[PDB]
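**Q** Generate coordinates for the sequence data below:
(7 chains, ligands or ions: 30)
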Amino acid sequence: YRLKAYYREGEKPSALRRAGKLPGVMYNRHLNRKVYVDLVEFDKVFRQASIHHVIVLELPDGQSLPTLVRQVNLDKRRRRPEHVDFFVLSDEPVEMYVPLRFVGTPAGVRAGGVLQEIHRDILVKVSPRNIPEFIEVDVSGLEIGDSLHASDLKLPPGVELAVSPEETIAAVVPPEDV
Amino acid sequence: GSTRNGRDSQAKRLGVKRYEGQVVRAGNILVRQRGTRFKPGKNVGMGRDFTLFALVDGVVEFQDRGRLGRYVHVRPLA
Amino acid sequence: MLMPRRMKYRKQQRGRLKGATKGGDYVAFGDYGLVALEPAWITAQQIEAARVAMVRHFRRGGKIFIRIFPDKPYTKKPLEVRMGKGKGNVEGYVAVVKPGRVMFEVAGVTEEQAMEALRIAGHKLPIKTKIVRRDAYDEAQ
Amino acid sequence: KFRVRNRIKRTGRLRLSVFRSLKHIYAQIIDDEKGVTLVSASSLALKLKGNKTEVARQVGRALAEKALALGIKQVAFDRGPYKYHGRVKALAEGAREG
RNA sequence: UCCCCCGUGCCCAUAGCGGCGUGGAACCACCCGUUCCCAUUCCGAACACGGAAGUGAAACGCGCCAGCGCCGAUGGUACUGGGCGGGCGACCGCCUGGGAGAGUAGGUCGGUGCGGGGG
RNA sequence: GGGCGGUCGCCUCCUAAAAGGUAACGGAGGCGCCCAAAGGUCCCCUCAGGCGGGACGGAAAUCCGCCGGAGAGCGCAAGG
RNA sequence: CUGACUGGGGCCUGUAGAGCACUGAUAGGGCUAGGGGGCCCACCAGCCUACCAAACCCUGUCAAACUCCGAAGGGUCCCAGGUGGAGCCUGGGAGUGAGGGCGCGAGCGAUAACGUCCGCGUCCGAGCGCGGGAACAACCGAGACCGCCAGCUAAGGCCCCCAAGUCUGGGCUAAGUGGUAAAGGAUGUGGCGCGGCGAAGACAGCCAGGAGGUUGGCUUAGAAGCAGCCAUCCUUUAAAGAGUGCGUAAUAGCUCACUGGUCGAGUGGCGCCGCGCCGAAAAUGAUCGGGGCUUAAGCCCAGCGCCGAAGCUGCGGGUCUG
Ligand SMILES: [Mg+2]
Ligand SMILES: [Mg+2]
Ligand SMILES: [Mg+2]
Ligand SMILES: [Mg+2]
Ligand SMILES: [Mg+2]
Ligand SMILES: [Mg+2]
Ligand SMILES: [Mg+2]
Ligand SMILES: [Mg+2]
Ligand SMILES: [Mg+2]
Ligand SMILES: [Mg+2]
Ligand SMILES: [Mg+2]
Ligand SMILES: [Mg+2]
Ligand SMILES: [Mg+2]
Ligand SMILES: [Mg+2]
Ligand SMILES: [Mg+2]
Ligand SMILES: [Mg+2]
Ligand SMILES: [Mg+2]
Ligand SMILES: [Mg+2]
Ligand SMILES: [Mg+2]
Ligand SMILES: [Mg+2]
Ligand SMILES: [Mg+2]
Ligand SMILES: [Mg+2]
Ligand SMILES: [Mg+2]
Ligand SMILES: [Mg+2]
Ligand SMILES: [Mg+2]
Ligand SMILES: [Mg+2]
Ligand SMILES: [Mg+2]
Ligand SMILES: [Mg+2]
Ligand SMILES: [Mg+2]
Ligand SMILES: [Mg+2]
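**A** Residues are numbered from 1 along each chain as shown, chains lettered A, B, ... in the order given. Ligands and ions are numbered 1, 2, ... in the order given. The protein structure is shown below:
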């Protein structure tokens, strides 16, 4: 939220990304405009401002762009972003991945598993007005054998549901005994 | 404790021998192929070992287009 | 140790170790990850020595995640044998790893205990392997 | 998905196409790799006779005299979906000669 | 000078798959029989022949549905001719050009010839 | 290094660096044949599997319907 | 004028890379043909499997002998440039068929060899003729016709042997690092960014009632906070747990995490980054070529000059080809 933008006109940018200015591009239906953003601003807001939050982008034309992230290319033996694909949202039920989480006792806390399969809560498409910030999933009693999620009780409030599948969701794993 | 297997066959040396845009005579092999990677078009004949050659002379052309295999077309000159 | 039960061919080559990662940088399973920084090989003895050093370290909770699998047979000739006469015997399968690939991923272990556990298993490997945590650097859209 | 595809060989580059419907027949003559139909003779477009297997003689003479009227002789004959039986449209003018 | 249908093509899954419509005056398909020319390791199912009283259910065409499938852009590296360096080694860095495969947006359930029938 | 052992000819894949070629006592395998049809022409049909069943039936014999576009088969190892 | 090479057009591949749709292996999760089986029931009239597990679908992978994909390049053909000890054809005449080094793509080896064998190129061989690298064939520059008491440069240097700056700037190193190598470790320094605290007085300090249910509970002797268990408290307060380290068999006790001041203006955890320290012990006498070198005579970014070959030009002379 509230990040500055600039322009690119087919530059060098491997030489421009030395002082913390990684390139980018944004679009909703057209106008594939090449931009570059700042790395400590984008990284600092990108600490907690995840995929679910609409990161808005000030532009020198005076517009505030409701963007989000499409991909962050890892530098892969440097752990850095090369290029981040922004996505402007328009009057359209666009796709969203919302990091929902789990609250409650996992499996009767002493006899508890791990509950590690977050997987970014596979897909929810939404209108730009009914877009959420947080949706809650509880883990009320889910001990080791039975009581799995299986995405059957995956009715979120409103808009929308998961479109095609109901198969990828968290489960309970046994611990590591000695 | 000896060498189990160290022999290898002599290469039969297949491959495309006449590319397109080349003037040829009647009888030139367009491609020495193992299997029929190329299908005959106009004025192209196959043999025993799937080898296709030119029936007339002219400027040859490939890829009339797909969905059945790659094509060879010996097109005559007029 | 562990080994692949079936193979198309028994012996295979070595190759080179260039390239950046070819997949395996995002964690996507656990809250932490032991990521490598130098190109080398991972023997099954290095897998076992690092896997025992977790379950003996932390107990009663925390599932350990390994994302390495040895499919490359390390070929070594017997001792006091002259050159030639074919390849050597197969002793232990090794796993090729690239820099910036996450090998070991703890699960259900806290900060001050997972830094320590990944620090103990970091010395079992011949690679400079730094430790990364769960960040927002996933490949989601 | 039934097809026999005797039209796939094409060594002779000039064929006569035959279609037999369950009511009547019609035939064309195509020039290959160009896509131009030269001449054709169609029952119920010229409405020659009612019985469907008695068509073949009059459309054989008619398509034969229109083929010689258009000045094509070296033609061929397809057998795509149908057996060479029943209707024959036999002729003695033009190089098909069957 | 145009729409509908039938043959025959070129594009080679942006042409299909699955679901929902719709059409027989007009072709085409379905149908009713086998009596002869024909046939079946057996049977008119498919070839073949008389038809055509009934039909568009099936199949076949056209129209709709993007998920199923497919195609798939700008950047960004991976990679690499060529040149210049570093590391004891495993292997890396810069410049000059070139430039992927995935993934994302998005697109599509067709486009275009020839010859016939009807209005 | 020689001797001991292995090999000496032909074919298939890789090594083999996107034309062809390319070595090692490099890796994985075959051959010293066979078919009067397992050949030519003409005319019909499309496979292997999975699902729903059966009267025996191993979960595989034989039969029906749907899905299945080539995962079967093409005498013989491997490739096309 | 066709040649090596290059420019404009096509064609071809299945390598690098990438990928799982094909061929196999696979870290998990869901579903569960069925099986040691079944809690055990007039056997099908079940039930969860914390028992195993076929097949299928996802999150994730790997491959010289896998490719739904797929370059950079190379080869080939058409046109153009290309007059060169370029090419093409015939005939005569030898030599060579032990190669090696270097960079890349590889195999074997142990991702060892100044090790073996290929390919792409160079060099030595045949240029042990020259300059630098102290000395050295393949590391760099350069291709020596001869002569001159002439200049300019390439690689490399400018404190002296040794020819040229103790040059001009900005930092860095206190180790002789430079001038011998790794895993690992450490208030070694210098630079960048984040967080808390702070002159409603911050850190280390010096004094303080540093506590009541509460030795919570058979804890096997003993469980008083301190071998190890439960489900983890509350309330008295201007700050305090079922306790930070000792010390006790357990006690007791010492220090506290938490905080009150007379003081005093800065104070800790980090994540990178440049140069450093330890790790670093072999056999005649030690050293980076040597002497020596610390705002450098090292290391990083620059700039202006100069030295610097048998290279090029200045001039003269000879030979060969057209
Ligand atoms: Mg079909
Ligand atoms: Mg046929
Ligand atoms: Mg037919
Ligand atoms: Mg090593
Ligand atoms: Mg090749
Ligand atoms: Mg090659
Ligand atoms: Mg045959
Ligand atoms: Mg020329
Ligand atoms: Mg040439
Ligand atoms: Mg060129
Ligand atoms: Mg490959
Ligand atoms: Mg690869
Ligand atoms: Mg090309
Ligand atoms: Mg010469
Ligand atoms: Mg010899
Ligand atoms: Mg030799
Ligand atoms: Mg050699
Ligand atoms: Mg050598
Ligand atoms: Mg070597
Ligand atoms: Mg030479
Ligand atoms: Mg000498
Ligand atoms: Mg020298
Ligand atoms: Mg020399
Ligand atoms: Mg000379
Ligand atoms: Mg000078
Ligand atoms: Mg001097
Ligand atoms: Mg050192
Ligand atoms: Mg200075
Ligand atoms: Mg000269
Ligand atoms: Mg002169």
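**Q** Which SSE is immediately downstream of the helix or strand hosting residue C:96?
**A** Residue C:96 belongs to strand C:89-97 when assigned by DSSP states H and E. Under the assignment DSSP H and E, the closest C-terminal helix or strand after strand C:89-97 is strand C:102-105.
**Q** Downstream of that following strand, the next helix or strand is which one?
**A** helix C:111-122.
**Q** Next, see if that next one gets close to chain A.
**A** No - on the criterion CB under 8 Å from any CB of the partner chain, helix C:111-122 is out of touch with chain A, staying 11.5 Å away. Placement of C-beta: from N, CA and C, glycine included.
**Q** Now the element after that helix, going C-ward?
**A** By DSSP H and E, the next helix or strand past helix C:111-122 is strand C:129-133.
**Q** circling back to that earlier point, if we look at the strand holding residue C:96, which residues are touching it?
**A** Residues outside strand C:89-97 that contact it (CB atoms under 8 Å, 6 or more residues apart in numbering or on different chains): C:1, C:3-4, C:10-11, C:15, C:17, C:36, C:39-45, C:47, C:68-78, C:103, C:127.
**Q** And the residue of chain B that's closest to chain A?
**A** Distance from chain A to each residue of chain B (CB to the nearest CB) is smallest for residue B:67, at 30.9 Å.
**Q** Pull the number of nearby residues for residue C:117.
**A** Counted with other CB atoms under 10 Å in any protein chain shown, residues neighbouring residue C:117 total 23.
**Q** Now, the contacts of strand C:89-97 that are in helices?
**A** Counting by DSSP state H, the contacts of strand C:89-97 place C:44-45, C:47 in helices.
**Q** the helices in the chain, which residues?
**A** Looking at chain A here, since you left the chain open. With helices called from DSSP H, chain A shows them at A:39-45.
**Q** wait, I meant chain D there
**A** Assigned by DSSP H, the helices in chain D fall at D:55-70.
**Q** ok, the residue in it sticking out farthest from the centre to chain C distance?
**A** With distances taken as CA atoms, centre = their mean, the residue sitting farthest from the centre of chain D turns out to be residue D:1, at 23.9 Å. According to CB to the nearest CB, to the nearest Å, residue D:1 stands 37 Å off from chain C.
**Q** ok, that residue - contacts?
**A** Contacts of residue D:1 (CB under 8 Å, 6+ apart): none.
**Q** Going by neighbour count, which of the ones in helices among the contacts of strand C:89-97 are buried?
**A** Neighbour counting by 16 or more other CB atoms under 10 Å in any protein chain shown classes C:44, C:47 among these as buried.
**Q** Nearest to RNA strand G, out of the ones in helices among the contacts of strand C:89-97: which one, please.
**A** Of all these, RNA strand G sits closest to residue C:47, with 10.3 Å by CB to the nearest atom of the strand.
**Q** need the contact list for the closest one.
**A** C:1-2, C:66, C:68, C:70, C:95.
**Q** Repeat the analysis, applying 7 Å as the threshold.
**A** By CB atoms under 7 Å, 6 or more residues apart in numbering or on different chains, the residues touching residue C:47 are C:2, C:68.
**Q** cool, and residue C:63?
**A** Residues near residue C:63 by CB under 7 Å, 6+ apart: A:114, A:173, A:175-176, C:107-108.
**Q** ok, now residue D:96?
**A** For residue D:96, the contact set (CB under 7 Å, 6+ apart) comprises D:16, D:75-77.
**Q** Which part of chain C gets nearest to chain A, residue-wise?
**A** residue C:100 (3.3 Å).
**Q** Buried ones in the longest strand along chain B, by neighbour count?
**A** Ranked by residue count under DSSP state E, the longest strand found in chain B is strand B:70-76. Buried residues in strand B:70-76, counted by 16+ other CB under 10 Å: B:70-74.
**Q** do the same with stretch A:157-169
**A** Neighbour-count burial for stretch A:157-169, with 16+ other CB under 10 Å as criterion, is recorded at A:162, A:169.
**Q** quick check, distance from that stretch to the centre of its chain.
**A** How far stretch A:157-169 lies from its chain's middle: 16 Å, per CA atoms, centre = their mean, to the nearest Å.
**Q** how about it, does it reach chain C?
**A** No - residues of stretch A:157-169 contacting chain C under CB under 7 Å from any CB of the partner chain: none, with a closest distance of 11.9 Å.
**Q** Endpoints of that stretch, how far apart?
**A** Chord length of stretch A:157-169, first to last residue, is 18 Å (CA to CA, to the nearest Å).
**Q** Likewise for stretch C:15-33?
**A** Span of stretch C:15-33 from end to end, CA to CA: 27 Å.
**Q** Contacts made by that stretch with the rest, please.
**A** Here stretch C:15-33 makes contact (CB under 7 Å, 6+ apart) with A:74, A:76-77, A:116, C:39, C:65, C:67, C:98, C:100-102, C:105-107, C:114, C:118, C:131-134, C:137-139.
**Q** Tell me the residue of chain D that sits nearest RNA strand G?
**A** residue D:33 (19.4 Å).
**Q** what about the closest residue to that residue other than its chain neighbours, how many residues close to it?
**A** Here the nearest residue to residue D:33 in space, its sequence neighbours aside, is residue B:42; by CB to CB, 6 or more residues apart in numbering or on different chains that works out to 7.3 Å. When neighbours are defined as other CB under 10 Å, residue B:42 has 19 of them.
**Q** shouldn't residue B:42 be in contact with residue B:76?
**A** No - applying CB atoms under 7 Å as the test, residue B:42 and residue B:76 come out as separate, 8.6 Å apart.
**Q** show me what contacts the residue of chain B closest to chain A?
**A** Per CB under 7 Å, 6+ apart, neighbours of residue B:67: none.
**Q** which stretches of chain B form strands?
**A** Secondary structure of chain B, counting by DSSP E: strands at B:15-16, B:29-32, B:38-40, B:44-46, B:52-54, B:58-62, B:70-76.
**Q** Can you list the neighbours in contact with the second one?
**A** If I follow you right, that is strand B:29-32. Strand B:29-32 is contacted from outside by B:14-18, B:38, B:51-54, B:60, B:72, using CB under 7 Å, 6+ apart.
**Q** Repeat that for the shortest one.
**A** Contacting residues not belonging to strand B:15-16 are listed as B:31-32 [CB under 7 Å, 6+ apart].
**Q** picking up where we left off before, I'd like to know how many residues surround the residue nearest to the residue of chain C closest to chain A when sequence neighbours are not counted.
**A** Residue nearest to residue C:100 in three dimensions, not counting chain neighbours: residue A:77, with 3.3 Å by CB to CB, 6+ apart. Counted with other CB under 10 Å, the neighbours of residue A:77 add up to 19.
**Q** isn't the residue of chain C closest to chain A right next to residue C:38, touching?
**A** No - counting by CB under 7 Å, residue C:100 stays clear of residue C:38, with 10.2 Å between them.
**Q** Of the two, which one has the most company?
**A** Neighbour count, other CB under 10 Å: between residue C:100 and residue C:38, residue C:100 has more, with 20 against 14.
**Q** Tell me how many other residues surround the closest residue to residue D:39 other than its chain neighbours.
**A** Excluding the flanking residues, the one nearest residue D:39 by CB to CB, 6+ apart is residue D:70, at 4.7 Å. Residues contacting residue D:70 under the criterion other CB under 10 Å number 11.
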